[PDB]
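> Kindly return the folded structure for what I paste below:
(5 chains)
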Amino acid sequence: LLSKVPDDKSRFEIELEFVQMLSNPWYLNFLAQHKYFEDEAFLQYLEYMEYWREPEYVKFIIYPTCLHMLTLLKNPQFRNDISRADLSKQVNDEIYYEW
Amino acid sequence: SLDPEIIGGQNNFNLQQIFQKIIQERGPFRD
Amino acid sequence: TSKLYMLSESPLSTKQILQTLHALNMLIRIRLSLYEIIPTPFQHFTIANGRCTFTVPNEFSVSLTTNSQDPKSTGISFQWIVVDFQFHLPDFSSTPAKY
Amino acid sequence: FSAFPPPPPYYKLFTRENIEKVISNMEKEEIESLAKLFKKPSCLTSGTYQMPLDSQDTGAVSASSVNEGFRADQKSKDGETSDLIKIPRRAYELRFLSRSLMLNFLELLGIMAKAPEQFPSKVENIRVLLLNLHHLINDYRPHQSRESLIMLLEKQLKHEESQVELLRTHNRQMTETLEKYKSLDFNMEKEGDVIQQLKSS
Amino acid sequence: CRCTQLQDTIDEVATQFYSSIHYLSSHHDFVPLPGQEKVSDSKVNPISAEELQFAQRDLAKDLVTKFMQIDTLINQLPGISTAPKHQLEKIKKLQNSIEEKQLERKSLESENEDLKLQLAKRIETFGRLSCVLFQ
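Residues are numbered from 1 along each chain as shown, chains lettered A, B, ... in the order given. See below for the structure:
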């Protein structure tokens, strides 16, 4: 139990950027390979990311995908399949096409 | 100024998902 | 891949799900009245609560009794364009229970 | 072979134990206060853009060749003589800057074929001309975004009135089909057997 | 629509500037003077003298046509007040309008669904009765 060492302003700059990371599918794939989805703390932090959907806050977010990505990740079977490489490519290709 | 405008994604265009949901919310169907 | 891995928000309106049930039963009535083929032993049916139900006398401490209602989206009305056929979904009552 | 940064350490901090300790904090009302400071989302209002808060300014980048403003519900157009034009004023300043750019490029070709080391001056001419072109087109856009929003809101209204009227027709059809077939009753078994002895006779 | 495309056209013009000059520098230039022409054939990659003239004439034509296109688009451009008051007022009228139409829809929609329930009950009576009696 190390004492927390966070910064106020910095962690909202950071949480913005992290949401952005969540937009990337390959980052989700690596994340799953590293079995970060095994940890319950992570999932509570995801719900903490729900604060970023709020209008004043979402006004800042750059890549919309993450939001969608986040709702996508609320299904655990989805988490084990973003561990998969094939589905990963399916997701990337799906954005690429929308784009 | 800023006035609230009401728009509900009218530009953009299933019971199996309903079933699965109800399956988790009240368990078996039969009851 | 989104729509397959998508998952709805966890709230289900129980007044809603009743109204689904009403519309579902009602829709099995629609189907069955204009479903092409009923077997004559099945000619008497009850459109239950949620369910379609079907009774034929039988032994081993029960009646041969099946309940049908279905989840295929595409057909729900197309079930009538497909007078030939339909996904139906069952729930049959005997004296056993698990099997 | 490819790799990305791990998320914040404080993700690793979360436990439902410390969560339960902070709801016990809520029930009571150091460590707990640090936890709630950690749980709040303190947004920021202004001042930081790197990894601006408003869009980029043309005067900020280089010198701006002209300025203008139009009154509410009024537009300016005048008749001045280059090819004796009588046309709108913003557009004329534009056309002017464009033909001008054309000429400055012709100049550039020359100074290439006669004295190449002199080009920096002239390409500067070019650059400010293009940047002004753009700044001014940018001044045109906000109205265009607004009118596009207008057209969108108009689409929603059209869907709304059309949906209302369609529903009206459906409801009238339903009332009339309901009235045609109306034979309302309870305890229908009595009416089924009454109908059997009616059919018999 | 219009404004973004014209923006694209001036961008197209700049790209044509450096593209053109680069093309011309890239392709044959050797000029003999008094002496005899001689080349580093590999690095040179020459093009025909006539090919040169024709290509630079073509390049001029393309650029001048681009400028004409920008001009005609500037004429296509309709003058508009920078002030948004007229538009804003229109906006507010539409919002109020869709609001009241939405209220009317809501009232008539509740009455609708009530009606639907009624007829649905009468239907259900019919269906079970008809089935039983004929069968």
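> quick one: the helices in chain E?
E:2-26, E:41-44, E:49-76, E:85-134 (DSSP state H).
> Can you add distance to chain D and mean neighbour count and give those back as a markdown table?
Backbone N, C-alpha and C define where each C-beta goes, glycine included. Output for the helices of chain E, formatted as a markdown table (distance: least, CB to the nearest CB, whole Å; neighbours: other CB atoms under 10 Å in any protein chain shown):
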| stretch | distance to chain D | mean neighbour count |
| --- | --- | --- |
| helix E:2-26 | 5 | 14 |
| helix E:41-44 | 20 | 8 |
| helix E:49-76 | 5 | 13 |
| helix E:85-134 | 4 | 14 |
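> Go through chain D and flag its longest helix.
From DSSP H, the single longest helix across chain D is helix D:119-180.
> Next, see if that one gets close to chain B.
Yes: counting by CB under 8 Å from any CB of the partner chain, chain B has neighbours in helix D:119-180: D:152-153, D:155-156, D:159.
> okay, the helices of chain E in TSV with distance to residue D:77 next?
Output for the helices of chain E, formatted as TSV (distance: least, CB to CB, whole Å):
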stretch	distance to residue D:77
helix E:2-26	19
helix E:41-44	55
helix E:49-76	13
helix E:85-134	18
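> Relative to chain B, tell me which of those helices wins on proximity.
Nearest to chain B, of all these, is helix E:85-134, at 5.3 Å by CB to the nearest CB.
> Which residues of chain C lie near chain A?
Within chain C, the positions near chain A by CB under 8 Å from any CB are C:1-2, C:5-7.
> Out of those residues, list just those in helices.
Counting by DSSP H, the residues of chain C next to chain A place C:2, C:5 in helices.
> Just the buried subset of the residues of chain C next to chain A, please.
Those of these that meet the buried threshold are C:5, C:7, by 16 or more other CB atoms under 10 Å in any protein chain shown.
> so which of the residues of chain C next to chain A are also by chain B?
Counting by CB under 8 Å from any CB, residue C:7 from the residues of chain C next to chain A sit close to chain B.
> Relative to residue D:135, how far out is the most centrally placed residue in chain D?
By CA atoms, centre = their mean, chain D has its centre lying nearest to residue D:145, at 7.9 Å. From residue D:145 over to residue D:135 the distance is 17 Å, taken as CB to CB, to the nearest Å.
> Assumed residue C:55 was part of a strand.
Yes: according to DSSP: H, G, I helix; E, B strand; the rest coil, residue C:55 belongs to a strand.
> surely it meets residue C:44?
Yes: using CB atoms under 8 Å, residue C:55 makes contact with residue C:44 at a distance of 7.4 Å.
> Output the set of residues of chain B in proximity to chain E.
Counting by CB under 8 Å from any CB, chain B sits next to chain E at B:3, B:5-6.
> likewise chain C?
C:22, C:26, C:29, C:33, C:43-47.
> now, the most widely separated pair of the residues you listed?
Farthest-apart pair in the residues of chain C next to chain E is C:22 and C:43; separation 24.3 Å (CB to CB).
> Neighbour count for these two, which is higher?
Neighbour count, other CB atoms under 10 Å in any protein chain shown: between residue C:22 and residue C:43, residue C:22 has more, with 15 against 12.
> mind checking the backbone torsions on that one?
The phi and psi values for residue C:22, taken as degrees, to the nearest 10, are phi -50, psi -50.
> likewise residue E:83?
Main-chain torsions, residue E:83, degrees, to the nearest 10: phi -70, psi 130.
> How many neighbouring residues does residue 14 have?
No chain was given, so I picked chain A. When neighbours are counted by other CB under 10 Å, residue A:14 registers 15.
> nope, chain B please
With other CB under 10 Å as criterion, residue B:14 counts 13.
> isn't it right up against residue C:73?
Yes: the pair residue B:14 / residue C:73 is scored as a contact, 4.3 Å apart, by CB under 8 Å.
> List the residues that contact the closest residue to chain A within chain D.
Closest residue of chain D to chain A, CB to the nearest CB: residue D:14 (3.5 Å). Contacts for residue D:14 (CB atoms under 8 Å, 6 or more residues apart in numbering or on different chains) come out as A:40-42, A:44-45.
> which parts of chain D sit against chain A?
Residues of chain D found near chain A (CB under 8 Å from any CB) are D:2-16, D:19, D:34, D:37-39, D:41-44, D:48, D:51.
> Make a ChimeraX selection of the buried ones in those residues.
Selecting only the buried entries of the residues of chain D next to chain A in ChimeraX, with 16+ other CB under 10 Å as the criterion:
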select /D:7,8,10,11,13,14,38
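> If you tally nearby residues, what's the number for residue 18?
Chain wasn't specified; assuming chain A. Using other CB under 10 Å, residue A:18 has 19 neighbouring residues.
> other chain: chain B
17.
> what's the answer for residue D:160, then?
Residues near residue D:160, counting by other CB under 10 Å, number 20.
> list the contacts for it?
Contacts of residue D:160 by CB under 8 Å, 6+ apart are E:98, E:101-102, E:105.
> Could you measure from it over to residue E:108?
According to CB to CB, residue D:160 stands 12 Å off from residue E:108.
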